[PDB]
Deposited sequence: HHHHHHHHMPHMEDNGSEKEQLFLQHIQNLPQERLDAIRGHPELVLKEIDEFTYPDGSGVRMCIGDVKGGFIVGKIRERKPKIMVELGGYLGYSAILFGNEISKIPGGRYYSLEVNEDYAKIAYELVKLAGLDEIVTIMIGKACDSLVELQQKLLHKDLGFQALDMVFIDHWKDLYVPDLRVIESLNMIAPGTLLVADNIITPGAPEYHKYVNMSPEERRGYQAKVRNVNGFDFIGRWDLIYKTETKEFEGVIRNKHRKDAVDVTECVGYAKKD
């Protein structure tokens, strides 16, 4: 819709401009940041400079080899963090986006950024794509996960990740918009003890399916970082 206007803008840039920014993630991000729609507004829902910088710091510190984001929109975070993943040998970035129209646009921006060999966009519901990703990785656990899609799916999709044994000691979770609009359920979940999560999981049906009850035997450590806020959750071991 609106998003097609943005894609048209990029595709209609002069060749000299495309040649100038091609293969330069930071420059492609700036073209996204500086675009204005006819009504005067900008591209929405992008992770942005300040939160983005914080997360970039975590990636440089922890050097995740496998990073997954839930919710890609037009490719901004995939480009920002995929660029960081580039610097890490063997590193791969997976973006799980439900809207095919959005994903197609993100695919072009990611390619223009020079990140096509590093970033893979999976189209479909995150819960479905995670099942498929697990099949592809068995050939195991995720190193870092950026959770940035619909707030009501934070805990259901996290429980899917848990159930697929994609969370292990060393795995870091970064969840966006903890305050605005808010994800209180998620914030509650990742601050729960293993025993608390065991009861929650038995009590609260995963809307994604009975088979995705989750894994309570994970020890979590969570810090909220305020800027709005993001929750930073590390699995630090398996629970007794």
(request) Would you mind checking the deposited sequence against the model and listing the stretches with no C-alpha coordinates? (result) 1-17, 157-161, 250-259, 273-274
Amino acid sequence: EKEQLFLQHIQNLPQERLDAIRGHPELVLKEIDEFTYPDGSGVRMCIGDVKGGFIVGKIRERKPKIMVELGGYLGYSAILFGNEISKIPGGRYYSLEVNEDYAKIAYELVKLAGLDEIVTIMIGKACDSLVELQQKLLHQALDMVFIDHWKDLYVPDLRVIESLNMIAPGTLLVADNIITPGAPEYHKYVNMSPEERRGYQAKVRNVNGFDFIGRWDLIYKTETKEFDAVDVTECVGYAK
From here on, numbers count along this sequence of modelled residues.
(request) Name the higher of the two by mean Cα B-factor in the PDB entry, 16-24 versus 214-222. (result) 214-222
(request) With reference to the PDB entry, specify whether the mean Cα temperature factor is higher for 43-51 or for 66-74. (result) 43-51
(message) Given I167, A126, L137, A106, identify the residue with the highest C-alpha B factor in the PDB entry.
(response) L137
(message) When the deposited Cα B-factors of this chain's modelled residues are ordered and cut into thirds, is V145 in the lowest, the middle or the highest one?
(response) lowest
(message) How does the C-alpha B factor of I10 compare with the rest of the chain: lowest, middle or highest third?
(response) lowest
(message) Quick check on the deposited entry: does the C-alpha B-factor of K58 sit in the lowest, middle or highest third of its chain?
(response) lowest
(request) Determine, from the deposited record, the chain-internal third of the Cα B-factor for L29: lowest, middle or highest. (result) lowest
(message) Considering every modelled residue of the chain and its Cα B-factor in the PDB entry, is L173 in the lowest, middle or highest third?
(response) lowest
